[PDB]
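Encoded as structure tokens, the structure appears first; notes follow it.
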Amino acid sequence: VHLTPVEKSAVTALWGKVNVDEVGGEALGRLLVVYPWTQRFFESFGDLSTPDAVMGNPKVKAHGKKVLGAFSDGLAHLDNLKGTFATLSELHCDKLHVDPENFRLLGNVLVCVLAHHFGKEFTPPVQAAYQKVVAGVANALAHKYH
Amino acid sequence: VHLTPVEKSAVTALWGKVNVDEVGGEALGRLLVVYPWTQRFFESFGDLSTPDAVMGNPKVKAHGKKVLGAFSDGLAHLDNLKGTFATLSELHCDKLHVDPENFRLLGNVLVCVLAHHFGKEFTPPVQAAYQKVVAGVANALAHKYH
Amino acid sequence: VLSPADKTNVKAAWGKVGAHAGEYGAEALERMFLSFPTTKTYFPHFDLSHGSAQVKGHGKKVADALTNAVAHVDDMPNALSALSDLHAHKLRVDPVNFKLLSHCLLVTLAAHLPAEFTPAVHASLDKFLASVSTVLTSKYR
Amino acid sequence: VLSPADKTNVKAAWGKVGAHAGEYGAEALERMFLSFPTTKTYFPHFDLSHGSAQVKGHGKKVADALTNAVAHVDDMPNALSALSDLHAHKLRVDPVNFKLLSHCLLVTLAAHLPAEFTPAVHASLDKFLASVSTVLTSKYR
Ligand code: HEM
Ligand code: HEM
Ligand code: HEM
Ligand code: HEM
Numbered sequence: 002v003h004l005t006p007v008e009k010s011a012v013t014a015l016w017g018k019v020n021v022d023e024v025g026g027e028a029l030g031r032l033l034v035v036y037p038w039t040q041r042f043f044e045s046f047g048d049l050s051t052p053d054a055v056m057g058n059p060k061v062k063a064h065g066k067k068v069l070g071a072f073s074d075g076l077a078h079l080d081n082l083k084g085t086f087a088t089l090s091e092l093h094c095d096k097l098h099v100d101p102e103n104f105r106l107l108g109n110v111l112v113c114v115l116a117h118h119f120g121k122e123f124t125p126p127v128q129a130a131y132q133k134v135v136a137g138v139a140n141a142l143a144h145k146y147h
Numbered sequence: 002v003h004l005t006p007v008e009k010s011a012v013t014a015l016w017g018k019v020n021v022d023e024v025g026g027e028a029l030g031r032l033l034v035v036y037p038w039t040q041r042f043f044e045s046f047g048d049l050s051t052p053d054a055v056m057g058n059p060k061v062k063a064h065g066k067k068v069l070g071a072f073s074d075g076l077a078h079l080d081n082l083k084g085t086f087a088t089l090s091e092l093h094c095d096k097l098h099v100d101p102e103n104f105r106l107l108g109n110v111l112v113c114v115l116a117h118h119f120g121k122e123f124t125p126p127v128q129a130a131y132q133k134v135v136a137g138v139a140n141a142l143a144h145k146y147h
Numbered sequence: 002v003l004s005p006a007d008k009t010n011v012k013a014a015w016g017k018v019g020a021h022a023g024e025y026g027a028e029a030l031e032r033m034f035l036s037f038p039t040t041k042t043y044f045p046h047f048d049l050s051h052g053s054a055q056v057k058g059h060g061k062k063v064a065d066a067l068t069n070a071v072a073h074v075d076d077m078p079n080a081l082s083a084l085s086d087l088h089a090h091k092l093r094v095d096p097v098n099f100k101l102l103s104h105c106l107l108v109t110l111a112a113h114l115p116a117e118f119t120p121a122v123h124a125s126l127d128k129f130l131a132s133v134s135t136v137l138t139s140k141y142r
Numbered sequence: 002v003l004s005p006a007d008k009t010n011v012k013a014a015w016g017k018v019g020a021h022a023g024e025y026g027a028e029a030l031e032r033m034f035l036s037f038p039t040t041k042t043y044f045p046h047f048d049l050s051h052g053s054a055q056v057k058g059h060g061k062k063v064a065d066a067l068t069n070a071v072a073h074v075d076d077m078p079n080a081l082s083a084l085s086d087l088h089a090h091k092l093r094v095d096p097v098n099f100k101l102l103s104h105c106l107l108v109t110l111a112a113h114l115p116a117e118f119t120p121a122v123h124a125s126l127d128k129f130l131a132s133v134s135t136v137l138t139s140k141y142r
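Chains as they are written, first to last, in UniProt numbering: chain A, 2 to 147; chain B, 2 to 147; chain C, 2 to 142; chain D, 2 to 142.
Okay, here's the thing in structure tokens:
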């Protein structure tokens, strides 16, 4: 996808404020809480019986950190998301067989998490810029299905 | 997408048997009957009040013929669907703003129409080959959104 | 919500399918596994090859659940309650997958019902399978 | 189907939103139009610019429909029946679009409810908006 300079500005400015040790875990956790079927892919993560257990689960936090790292890598290569996500696409599609709709869902949860954290700062135009980004990452991660 | 020689064989063999003046209209008609909201984009087509009216509507049949032509063009360029569909993508996405989910829906209706017409000849492996094709056309037609 | 005409159309397709329903359920599963490979992840312990007695047996189960839904069409939520619990709670079946199987079920009926599968009946069947799917994903907790 | 805990969570978010509900409905629409441009096709006669009195007025209407649904949560099908007819029959609103607005409504609540928008309440709100959406697309004929 192609972001305009204003959208790239909106995205980059906000991202520099993100706590990269926490936001990933918050997004992954909520994905598992809000869309329970996604828990199917994390049988080894332990206690996921309640929202509190999921959010405080050390493995969820650690894994979310890895997911966020990937979004950061994409934010750094917005004009080549496909190349950036090629390896993760093989993993999520060819090996894990995660339905691509869940890539869209995680991106949207991330958007909800950013809105929660930044409040009024996460304006409608800023959200729009971020939707282009998560749509881009989701499409890149799903390339192997195409 | 990439079809194997066996899948390309399954597809090409069946397609040569398709009546190209009728199958498009049947698919478009059913799309309008089964997914009524799609009628929103065809206000100028006239009587679409009943299934029979839709199926017998001359404009639906004529337009379906154009849609089928495009699928034929894609079947002829399976390794370059994006280039083949670039112009239609601008039209359906940038100008018409049709949600891409409907591209998937039309492809699936086409699959239902082919199954209806060929019966037992439209085997599970043959259907699988066709799903790769309509998924490919839908993804190509949606490229402008990506 | 299913209309009187939809209920009539579905009952009629059901009648025409007749005793083949079980075989057709298996065919729809096979079409789903070949067409949408991601769905195979839910059946790791099944031999999914053509002719598999496991797929054959399961097809009959799917068919029976669908006929139970048409026989209690005015109250599918209740009739399909236990199955909803199983697919959501225990199996964690991704909601997108119900659309995939519903499409394969439609394709199977179309390949077996030349006269029945009219545009109107096609629409009724689609609504019915969508209704069934809505119930089977209503238990997400 | 909404659980007792979900109904409680939704009612509580509703209470916290309070008299801002109307303004928030407008904000959610604005976010939807900017984020998902295809949705703008349904409002050709609306000025969709920021500050538009039309978007402001419509946001209040959307908000009122949602509060009517939460106030009659045990029977939304009935409460939202007229709106379902309008969106499906007259407007021909593509079902995919309900997911887009529901997401923008969640985003709006999240940007306005620091303490309320916990993972559990987020899940309850998502279920509620999904329930509302199911009713509003149930009238496809
Ligand atoms: C927005 C899309 C997503 C991104 C950017 C993403 C990113 C990542 C990253 C960076 C890893 C670690 C790979 C490594 O250790 O080398 C990974 C692993 C994994 N992801 Fe995701 N992911 C996404 C969505 C999903 C979804 C939606 C699911 C399932 C509901 C999923 C399930 C997994 C699992 C099961 C692993 C562990 C793989 C393993 O270690 O064997 N991912 N993901
Ligand atoms: C599988 C995807 C589809 C293909 C291959 C396709 C193909 C075509 C073709 C070849 C044309 C004629 C263009 C011309 O006259 O030069 C066209 C036009 C059009 N299509 Fe599609 N189409 C698809 C899906 C859709 C869907 C799902 C909708 C709406 C529900 C839609 C709405 C229209 C309309 C409104 C026009 C008329 C445009 C105009 O003449 O101004 N199309 N399409
Ligand atoms: C029209 C929709 C569907 C119907 C009517 C249906 C019905 C059934 C029935 C009757 C059973 C047996 C229940 C029991 O043994 O108590 C079952 C089990 C199961 N279903 Fe479905 N199902 C549907 C869709 C799906 C989908 C979409 C998936 C996954 C892609 C799925 C995956 C499974 C699995 C994995 C089992 C358990 C298999 C086993 O261990 O024996 N079902 N289903
Ligand atoms: C949470 C879901 C939604 C709710 C609660 C909702 C509610 C409403 C309400 C209360 C009205 C006014 C009804 C009247 O005047 O009698 C309305 C009208 C309308 N809605 Fe929605 N709606 C929803 C989703 C959508 C979506 C997703 C679209 C399209 C993308 C849409 C498009 C429209 C349009 C175009 C009108 C008529 C506008 C006009 O001409 O004034 N709605 N909606």
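All residues carry an ideal CB built from backbone N, CA and C; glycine is no exception.
Distance between residue j and residue i (C-alpha atoms, nearest Å)
i        : j        : result
B/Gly137 : B/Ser90  : 13 Å
B/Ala87  : B/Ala141 : 7 Å
C/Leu67  : D/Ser4   : 26 Å
C/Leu87  : C/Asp65  : 16 Å
B/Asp74  : B/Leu111 : 15 Å
A/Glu8   : C/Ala72  : 54 Å
A/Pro52  : D/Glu117 : 14 Å
A/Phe119 : B/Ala14  : 57 Å
D/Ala22  : A/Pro59  : 37 Å
Run of the alpha helix (DSSP H) containing residue i, from where it starts to where it stops
i        : result
B/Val2   : B/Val2 -> no alpha helix (DSSP H), and no H or E assigned at all.
A/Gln132 : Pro125 to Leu142
A/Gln40  : A/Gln40 -> no alpha helix (DSSP H), and no H or E assigned at all.
C/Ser50  : Neither: C/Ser50 is in no alpha helix (DSSP H) and is coded neither H nor E.
D/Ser132 : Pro120 to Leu137
D/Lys8   : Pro5 to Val18
C/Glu31  : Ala22 to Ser36
A/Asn58  : That residue, A/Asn58, is in no alpha helix (DSSP H); it is neither H nor E in DSSP.
C/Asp86  : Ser82 to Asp86
D/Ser103 : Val97 to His113
B/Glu91  : Run containing B/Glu91: none; DSSP gives neither H nor E here.
Expected contact under 8 Å - CB spacing of residue i and residue j to nearest Å
i       : j        : result
D/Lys17 : D/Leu114 : 6 Å
C/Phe37 : C/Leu110 : Actually they do not touch by this definition, with Cβ atoms about 18 Å apart.
B/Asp95 : B/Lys62  : Their Cβ separation, rounded to whole angstroms, is 27 Å, which puts B/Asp95 and B/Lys62 out of contact at 8 Å.
Residue-level contact to chain D via CB, residue i, 9 Å cutoff
i        : result
A/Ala116 : yes
B/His64  : no
C/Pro78  : yes
A/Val55  : yes
Proximal residues to residue i (C-beta, below 6 Å), its chain only, five neighbours per side dropped
i        : result
A/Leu69  : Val21, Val24 and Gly25
B/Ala116 : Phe123
D/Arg142 : none
Interface flag, residue i vs chain A, CB-CB below 9 Å
i        : result
D/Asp95  : no
C/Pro5   : no
B/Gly84  : no
D/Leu35  : yes
C/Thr135 : no
C/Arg142 : yes
D/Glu28  : yes
D/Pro45  : no
C/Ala131 : no
Minimum Cβ-Cβ distance from residue i to chain C less than 9 Å
i        : result
A/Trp38  : yes
A/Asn140 : no
B/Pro59  : no
B/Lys121 : yes
Contact set for residue i: own chain, Cβ-Cβ below 7 Å, skip 5 residues either direction
i        : result
A/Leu106 : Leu32 and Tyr36
A/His93  : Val99 and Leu142
B/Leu97  : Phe42
A/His64  : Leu29
C/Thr138 : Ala89, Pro96 and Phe99
A/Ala11  : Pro126, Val127 and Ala130
B/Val2   : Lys133, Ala136 and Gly137
B/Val55  : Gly30, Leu33, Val34, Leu49 and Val61
Chain E residues whose Cβ lies nearer than 7 Å to that of residue i
i      : result
A/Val2 : Of the protein chains in this structure, namely A, B, C and D, none is chain E.
8 Å CB neighbourhood of residue i in its chain, flanking five on each side removed
i        : result
C/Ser103 : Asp127, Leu130, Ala131, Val133 and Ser134
9 Å Cβ cutoff, residue i in contact with chain B
i        : result
C/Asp127 : yes
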